[PDB]
Amino acid sequence: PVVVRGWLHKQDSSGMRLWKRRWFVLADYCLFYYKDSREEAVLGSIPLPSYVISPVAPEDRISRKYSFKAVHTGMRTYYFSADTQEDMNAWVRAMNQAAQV
């Protein structure tokens, strides 16, 4: 059921350049996020169908290392950052596989 789980920083949706560390789970074609890795009470969800996920580009003007974005096909863009390059790459690949269902 779960494809991948782990910590990501997520940028706030109001453009204040604030990053919050949440625990993410990809399951059922969606991202679910939680306060921590206990996976107790889901805080929110981003269903992935039709999103395109990629490492950030220069024009995104994101400074945080290992950052990537999910763009809704802009209807809405989410920015995430992982703690390692390997984990970034694994999330981009998993999220695109789900989004391309």
# chains A, B, ... in the order shown; residues from 1 in each chain; ligands from 1
>>> residues_around(residues="segment 85-95 of chain A", least_positions_apart="5", cutoff="8 Å", atoms="only C-alpha atoms", output="number ranges by chain")
A: 3-4, 26, 48, 53-55, 66-68
>>> residues_around(residues="residue 99 of chain A", least_positions_apart="6", cutoff="6 Å", atoms="only C-alpha atoms", output="NGL selection string")
:A and (48-51)
>>> residues_around(residues="residue 2 of chain A", least_positions_apart="4", cutoff="9 Å", atoms="only C-alpha atoms", output="list in words")
residues 25, 26, 27 and 28 of chain A
>>> residues_around(residues="residue 22 of chain A", least_positions_apart="4", cutoff="6 Å", atoms="only C-alpha atoms", output="MDAnalysis selection string")
chainID A and resid 7:8 34:35
>>> write_last_selection(atoms="N, CA, C and O atoms", output="PDB file, in the first residue's frame")
ATOM      1  N   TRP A   7      10.438  12.224   6.078  1.00  0.00           N
ATOM      2  CA  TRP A   7      10.350  13.650   6.365  1.00  0.00           C
ATOM      3  C   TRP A   7      10.556  14.472   5.082  1.00  0.00           C
ATOM      4  O   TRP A   7      11.484  14.216   4.303  1.00  0.00           O
ATOM      5  N   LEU A   8       9.772  15.541   4.940  1.00  0.00           N
ATOM      6  CA  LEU A   8      10.006  16.574   3.960  1.00  0.00           C
ATOM      7  C   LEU A   8       9.733  17.919   4.631  1.00  0.00           C
ATOM      8  O   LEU A   8       8.800  18.029   5.460  1.00  0.00           O
ATOM      9  N   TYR A  34       1.657  14.098   8.228  1.00  0.00           N
ATOM     10  CA  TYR A  34       1.480  13.893   9.636  1.00  0.00           C
ATOM     11  C   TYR A  34       2.470  14.763  10.401  1.00  0.00           C
ATOM     12  O   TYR A  34       3.505  15.180   9.876  1.00  0.00           O
ATOM     13  N   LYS A  35       2.201  14.977  11.701  1.00  0.00           N
ATOM     14  CA  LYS A  35       3.129  15.701  12.548  1.00  0.00           C
ATOM     15  C   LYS A  35       4.481  14.991  12.644  1.00  0.00           C
ATOM     16  O   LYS A  35       5.517  15.643  12.755  1.00  0.00           O
TER      17      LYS A  35
END
>>> residues_around(residues="residue 33 of chain A", least_positions_apart="2", cutoff="7 Å", atoms="only C-alpha atoms", output="list in words")
residues 22, 23, 24, 25, 31, 42, 43, 44 and 45 of chain A
>>> select_by_dssp(residues="chain A", states="strand (DSSP E)", output="ChimeraX atom specification")
/A:2-11,19-27,30-34,44-47,51-55,67-72,77-81
>>> atom_distance(atom1="atom CA of residue 64 of chain A", atom2="atom CA of residue 36 of chain A")
21.0 Å
>>> atom_distance(atom1="atom CA of residue 77 of chain A", atom2="atom CA of residue 41 of chain A")
24.3 Å
>>> select_by_dssp(residues="chain A", states="helix (DSSP H, G or I)", output="list in words")
residues 58, 59, 60, 85, 86, 87, 88, 89, 90, 91, 92, 93, 94, 95, 96, 97, 98 and 99 of chain A
>>> closest_residue(among="A:38, A:10, A:61, A:21", to="residue 78 of chain A", atoms="only C-alpha atoms")
A:10
